[PDB]
């Protein structure tokens, strides 16, 4: 059977994996998990047995179940090598992983749904904006040394796969991107590639009709 991705249309972490799967040419099926309706499907007993962390994505592939988007992408990289998400040179690989982790560990978790719920309605917007602006202040500086056409040199990497979904989140939270011209430029360049379009939140099984 085809690999099965458990995804939510609006989920940044899910988008990451959908981009990687498109990049690697892997035909997969999606099982949508609605993260918001009736408290969220991620809390169901069935989904909790799939991922005790109660998050998407989860990928069933090659007879196993993998959670954590970067762990998934590293698995895909090791088993379906081309196109490469990571370059061959260990020093350049470290830079790609550094940027991916800055986003995936340093920004996204602090603006995740469950965290925003704990912050509360009155402060969640400002909180999300602060986390993202702080992260992008740093990332924009780093990209001055690392970026070519893309985040790390001239080939698409895992850092780019993390960048686009986090920038879309920045737009959703009404963050001013004008002080981040390099993030902005690279984001536009990546969005011109088919693998970032076919995988897009507005083209998902579970995209609400009003957003298609």
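Positions refer to the first chain, counted from 1.
Averaged over Cα atoms, the B-factor as recorded in the entry is higher for 170-178 than for the other of 170-178 and 54-62. Look at the C-alpha B-factors of 127-135 and of 67-75. On average they run higher in 127-135. Between the residues 157, 187, 44, 144, the entry's highest C-alpha temperature factor is the one at 44. Annotation for 95, 116, 102, 86: 116 ranks highest, by Cα B-factor.
Remark: residue 10 belongs to the highest third of its chain, ranked by C-alpha B-factor as recorded. In the deposited entry, the Cα temperature factor of residue 203 sits in the top third of values across the chain's modelled residues. Among all modelled residues in this chain, the alpha-carbon of residue 148 has a temperature factor (C-alpha) in the middle third.
Among the modelled residues of its chain, residue 91 has a C-alpha B-factor that falls in the middle third, as given in the PDB entry. Placement of the Cα temperature factor of residue 183 within the chain: lowest third of the modelled residues, per the deposited record.
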